[PDB]
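2 protein chains.
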Amino acid sequence: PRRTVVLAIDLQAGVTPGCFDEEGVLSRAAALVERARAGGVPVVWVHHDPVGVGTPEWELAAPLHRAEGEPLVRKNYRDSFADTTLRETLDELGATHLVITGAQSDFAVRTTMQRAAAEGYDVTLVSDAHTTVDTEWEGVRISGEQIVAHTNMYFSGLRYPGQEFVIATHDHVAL
Amino acid sequence: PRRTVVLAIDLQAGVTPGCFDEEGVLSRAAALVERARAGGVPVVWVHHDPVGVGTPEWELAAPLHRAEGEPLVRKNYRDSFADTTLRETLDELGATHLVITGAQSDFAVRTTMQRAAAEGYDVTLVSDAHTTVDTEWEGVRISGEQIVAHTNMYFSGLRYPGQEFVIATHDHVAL
Ligand SMILES: O=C1N[C@H]2C=C[C@@H]1C2
Ligand SMILES: O=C1N[C@H]2C=C[C@@H]1C2
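Going down the list, the sequences are from chains A and B.
Sequential numbering from 4 applies to the first sequence in the UniProt record's numbering.
Sequential numbering from 4 applies to the second sequence in the UniProt record's numbering.
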């Protein structure tokens, strides 16, 4: 029996500023979480401790708010499963299918969504609810917008035997 | 005791044409494999069967050649560990550290290098020995060159507790 969990990664006040389409992405993430709550779909929050434990930057970016009962997993690396309670938290919920929203597309989101796939989960990436910042390397620029687009392209074709991957918008993903 | 293995992914005649800097990348991959052979470092080849088993497109792109004794792992998905003999092949070699060259940067290479990291390997990505093609999604273009650059940027900062990740060129990586 499929149980869906929404996994909201590093949507922290110190992470999202300057990200591509920041206000819109935060707005659609919020809408997604509301829809999950209305559907009785569990929401699990992941926070990156190196943002600065105890500082305002570590807390959820506005307008996101955690509800009573919703687990919060703290991590120190890009992979939300690495040395964390995430797997235990998910197993306790009987999770089989993760619906992923968060930041940043190319770091925590990238590394966590691929780890989840490797672990055997069905994964749905919410195409209009993740973001990152402009960057450059080796003398070429790559915008946040380009990284978001390329991420959605990558995920749309991801396949593992016996597993299901879906790319879907915040208001069409099945909850 | 660290044992290094060079892992050469999908450098196939049907995969590399049209890739960014194709001739140069193939040349540096070849040089890397030669250096590994001279150093007694094992080389493991991975081929993507969906390229077309039994067709010329499935074979190694020129000027690459497999030597006697070098394992060849066949796969059907982006992740070279998914339903393959790769883990068994690596375990038989006592591999602890994988040096990765191949194509395409954003598909087989991306998915395999991250899976290797998740499995607990030390991984070195060879910065000037992987490539992919131009693409576009959501109305924005992202070049092969941009994807290669962004991949190297990503890998340069990848961290897992107790594991080591290095980004290094084909002629400086330690063999
Ligand atoms: O994706 C990310 N989440 C935080 C840690 C690495 C980046 C900032
Ligand atoms: O990276 C890749 N290797 C082959 C399968 C998917 C792409 C072509």
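C-beta atoms are modelled at their ideal positions from N, C-alpha and C, and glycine is treated no differently.
Residue j and residue i - do their beta-carbons sit closer together than 9 Å?
i	j	result
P45(A)	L96(A)	yes
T135(A)	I150(A)	yes
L63(A)	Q15(A)	yes
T104(A)	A32(A)	yes
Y157(A)	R113(B)	yes
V76(A)	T99(A)	no
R162(A)	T115(A)	no
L89(A)	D125(A)	no
With hydrogens ignored, establish whether the beta-carbon of residue i is closer than 8 Å to any heavy atom of ligand 1.
i	result
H51(A)	yes
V47(B)	no
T135(A)	yes
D109(A)	yes
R81(A)	yes
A106(A)	yes
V18(A)	yes
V112(A)	yes
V54(A)	yes
For ligand 2, is there a heavy atom less than 8 Å away from the beta-carbon of residue i?
i	result
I145(B)	no
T138(B)	no
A132(A)	no
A120(A)	no
residue 3(B)	An answer regarding residue 3(B) cannot be provided, because it is not within the stretch 4 to 178 covered by chain B.
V28(B)	no
Check each candidate in the options and name the one with the smallest Cα separation from residue i.
i	options	result
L67(A)	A152(A), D13(A), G43(A), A119(A)	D13(A)
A120(B)	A34(B), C22(B), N79(B), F168(B)	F168(B)
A70(A)	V47(A), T88(A), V56(A), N79(A)	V47(A)
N155(A)	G43(A), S130(A), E26(A), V18(A)	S130(A)
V18(B)	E141(B), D86(B), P53(B)	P53(B)
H175(B)	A34(B), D24(B), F23(B)	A34(B)
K78(A)	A111(A), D94(A), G57(A)	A111(A)
At 7 Å on the CB atoms, spell out the chain B contacts of residue i, in chain order.
i	result
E141(A)	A152, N155
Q117(A)	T114, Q117
Give the interface partners of residue i over in chain A, defined as CB-CB distance under 7 Å, in chain order.
i	result
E148(B)	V143
List the residues of chain B whose Cβ lies closer than 8 Å to the Cβ of residue i, in chain order.
i	result
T138(A)	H153, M156
Could you name the residues of chain A that residue i contacts, counting a contact when the two beta carbons are closer than 9 Å?
i	result
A121(B)	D82, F84, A85, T114, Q117, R118, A121, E122
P164(B)	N79, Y80, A85, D86
I want to verify the contact list: residues of chain A whose CB lies under 8 Å from the CB of residue i, in sequence order.
i	result
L10(B)	Correct list: empty, because the minimum Cβ distance to chain A is about 16 Å.
Exercise. What are the complete alpha helix (DSSP H) segments, minimum 4 residues, inside the stretch 31 to 110 of chain B?
Worked result: Complete alpha helix (DSSP H) runs here, min 4: 89 to 95.
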